[PDB]
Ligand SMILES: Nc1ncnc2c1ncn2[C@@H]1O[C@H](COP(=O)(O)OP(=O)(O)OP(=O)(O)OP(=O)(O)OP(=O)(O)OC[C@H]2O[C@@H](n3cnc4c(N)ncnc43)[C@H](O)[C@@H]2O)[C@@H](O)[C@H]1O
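In structure tokens, the next block holds one chain alone, the form deposited without BIS(adenosine)-5'-pentaphosphate.
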């Protein structure tokens, strides 16, 4: 699970509002939401950042997106949404555990930050 706050969430050591879980990922609402709906999908495998993801992780990363789109549908995001992965300082990555943001429930703007 790794040595970050997302590791603690995966291990159930600290609370989060969990939307979905399977054997390889977890989806939960962001504690600092930037839209009326704002959740994260994260792998249980501790990949610190997308830049170090291995080729073998390919389908796992895609799994985050499929889970993300399924959760968005369940949460009634029928007008759309934005998915985001942040890498490093320029990317504004807040936690060094790969996470896919899903934001919706309002018009998302351009540029995306």
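Positions refer to the first chain, counted from 1.
Beyond the structure shown, there is the form deposited with BIS(adenosine)-5'-pentaphosphate bound, which is absent from this document and is the topic of what follows.
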| property | result |
| --- | --- |
| Steric status of site, BIS(adenosine)-5'-pentaphosphate superimposed as seen in the entry with it bound, threshold 2.4 angstroms to backbone or C-beta | blocked |
| Residue 25: touches BIS(adenosine)-5'-pentaphosphate in the entry with it bound, heavy atom cutoff 4.5 angstroms | no |
| BIS(adenosine)-5'-pentaphosphate contact in the entry with it bound: residue 38, any heavy atom under 4.5 Å | yes |
| Close approach of residue 9 to BIS(adenosine)-5'-pentaphosphate in the entry with it bound, 4.5 Å, heavy atom | yes |
| 4.5 Å heavy atom contact, residue 31 to BIS(adenosine)-5'-pentaphosphate in the entry with it bound | yes |
| Residues of stretch 79 to 98 in contact with BIS(adenosine)-5'-pentaphosphate in the entry with it bound (4.5 Å, non-hydrogen atom) | 92, 93, 94, 95 |
